[PDB]
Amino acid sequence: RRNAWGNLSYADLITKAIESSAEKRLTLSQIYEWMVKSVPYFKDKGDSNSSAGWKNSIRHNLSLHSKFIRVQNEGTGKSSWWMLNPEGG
């Protein structure tokens, strides 16, 4: 039990969140919501803010890892889609 939620890394979690989506892409906000709805540990960390230490870890994993790529989303608002790299770097 390396982490509080199990042996999965953050990156493995985000991967599962994105793969769970119909279109194989989510916004950062949607990734946050998935974590809260889907990972028992995070179930009661829902109404917290981006300073949350684990939200920071998610942003941090999304930019650090080449397996995640950012894609722009249509109108105004309204942040990037996060998707897996077809190459998986």
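C-alpha atoms forming the largest set that superposes within 1.5 Å between two forms make up the rigid core. One rule holds for the numbers: they count along the sequence shown, beginning at 1.
Q: Which segment is farther from the shown form on average in 4 other deposited structures of this protein after a rigid core fit, 15 to 23 or 75 to 83, going by CA atoms?
A: After superposing on the rigid core, the more displaced stretch in 4 other deposited structures of this protein is 75 to 83.
Q: Going by root mean square C-alpha distance after a core fit, say whether 38 to 46 or 51 to 59 is farther from the shown form in 4 other deposited structures of this protein.
A: Output: 51 to 59, the stretch lying farther off on average in 4 other deposited structures of this protein.
Q: Name the higher of the two by mean Cα B-factor in the PDB entry, 22 to 30 versus 57 to 65.
A: Mean B over CA atoms: larger for 22 to 30.
Q: Could you settle it for me: does 69 to 77 or 6 to 14 have the higher average Cα B factor in the PDB entry?
A: According to the entry, 69 to 77 carries the higher average C-alpha B-factor.
Q: Within this chain, which third does the Cα B-factor at residue 51 fall in: lowest, middle or highest?
A: Its C-alpha B-factor belongs to the lowest third of this chain's values.
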